[PDB]
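S.K.: Fold the stuff below for me.
(chains A and B, ligands or ions: 5)
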2 protein chains.
Amino acid sequence: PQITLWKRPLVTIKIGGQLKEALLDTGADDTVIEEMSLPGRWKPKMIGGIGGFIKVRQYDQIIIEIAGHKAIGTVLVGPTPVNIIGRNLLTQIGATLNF
Amino acid sequence: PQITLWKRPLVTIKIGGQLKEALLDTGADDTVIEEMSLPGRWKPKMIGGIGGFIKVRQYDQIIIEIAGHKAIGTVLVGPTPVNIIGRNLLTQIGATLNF
Ligand SMILES: CC(C)CN(C[C@@H](O)[C@H](Cc1cc(F)cc(F)c1)NC(=O)O[C@@H]1C[C@@H]2CO[C@@H]3OCC[C@H]1[C@H]23)S(=O)(=O)c1ccc2nc(NC3CC3)sc2c1
Ligand SMILES: [Cl-]
Ligand SMILES: [Cl-]
Ligand SMILES: [Cl-]
Ligand code: NA
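M.R.: Numbering: from 1, shown residues only, chains lettered A, B, ... in the order given. Ligands and ions are numbered 1, 2, ... in the order given. Please see the structure below:
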């Protein structure tokens, strides 16, 4: 598909058996999801943008389905205001910016 | 161009006759640039990021070139940790996400 940018590029994702809405975010290195349980091990991490830093849990090798497309990668879980699909997963679904 | 996402989508912008580096950011509604001088009056705005809010200065109808593409629109100036080109200007340069 081709997604215009007149409004926020929100898509449905499936993660951890749950459906969520998330933002396709080319300005995000990493994928950051609101609080949820995920299986396996994790380790703490600090990530920082506008307004400062938040503490998250880093889970590796997590399968996600993004707008119908499966990928695997690291997911960060914590108190983000918005669920964000970052470049680590956008690359895996073949997403590009075109102009 | 067609920009892949294996690295940050950084481009050169020109604003006020000066070149700067900025991030093409589909997760940003608005364009936010580090402290600089812009002409005219400004209005107040708050923008919510992952770590909290910053106050910024809103300047309207600013001439800005993004990767060689001319735009004229709203620029927010404040203590952002990187220069961000958001959807208000990505739409002016005809950018889409594709996969
Ligand atoms: C968090 C998103 C929902 C929103 N952000 C855009 C992001 O793309 C942002 C853009 C960004 C902001 C920043 F401060 C530094 C940076 F490197 C990139 N990424 C970011 O915060 O990522 C974090 C900082 C690292 C970079 O990527 C890594 O993985 C993602 C999690 C973190 C780390 S933002 O920068 O806070 C932003 C930009 C414009 C904007 N415009 C707004 N307008 C108001 C009407 C609503 S709110 C608003 C918020
Ligand atoms: Cl990853
Ligand atoms: Cl590729
Ligand atoms: Cl604008
Ligand atoms: Na894991």
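S.K.: what about the residue nearest to residue A:69 when sequence neighbours are not counted, how many neighbours?
M.R.: Spatial nearest neighbour of residue A:69, chain neighbours left out: residue A:93 (4.1 Å); criterion: C-beta to C-beta, 6 or more residues apart in numbering or on different chains. Where you see a C-beta, it was placed from the backbone N, CA and C, and this is true even at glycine. Other residues lying near residue A:93 total 19 when counted by other C-beta atoms under 10 Å in any protein chain shown.
S.K.: Next: residue A:47.
M.R.: Residues lying near residue A:47 (other C-beta under 10 Å) number 18.
S.K.: that's a helix at it, yeah?
M.R.: No - counting by DSSP: H, G, I helix; E, B strand; the rest coil, residue A:47 falls outside a helix, being strand.
S.K.: Alpha carbons of the top strand by length along chain A, as PDB, please.
M.R.: Assignment by DSSP state E gives strand A:52-66 as the longest strand of chain A. Coordinates of each C-alpha in strand A:52-66 appear next as PDB, following Å, rounded to 0.1, in the frame of the first residue of the first chain:
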ATOM      1  CA  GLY A  52      13.200  13.600  28.300                       C
ATOM      2  CA  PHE A  53      13.600   9.900  29.000                       C
ATOM      3  CA  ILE A  54      11.400   7.000  30.100                       C
ATOM      4  CA  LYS A  55      12.400   3.600  31.400                       C
ATOM      5  CA  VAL A  56      11.200   0.600  29.300                       C
ATOM      6  CA  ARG A  57      11.600  -3.200  29.300                       C
ATOM      7  CA  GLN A  58      13.500  -4.500  26.300                       C
ATOM      8  CA  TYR A  59      12.200  -7.800  24.900                       C
ATOM      9  CA  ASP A  60      14.200  -9.400  22.000                       C
ATOM     10  CA  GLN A  61      12.900 -11.800  19.300                       C
ATOM     11  CA  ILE A  62       9.200 -10.800  19.400                       C
ATOM     12  CA  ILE A  63       7.000 -11.600  16.500                       C
ATOM     13  CA  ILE A  64       4.600  -8.800  15.400                       C
ATOM     14  CA  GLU A  65       2.200  -8.600  12.500                       C
ATOM     15  CA  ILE A  66       2.000  -5.000  11.200                       C
END
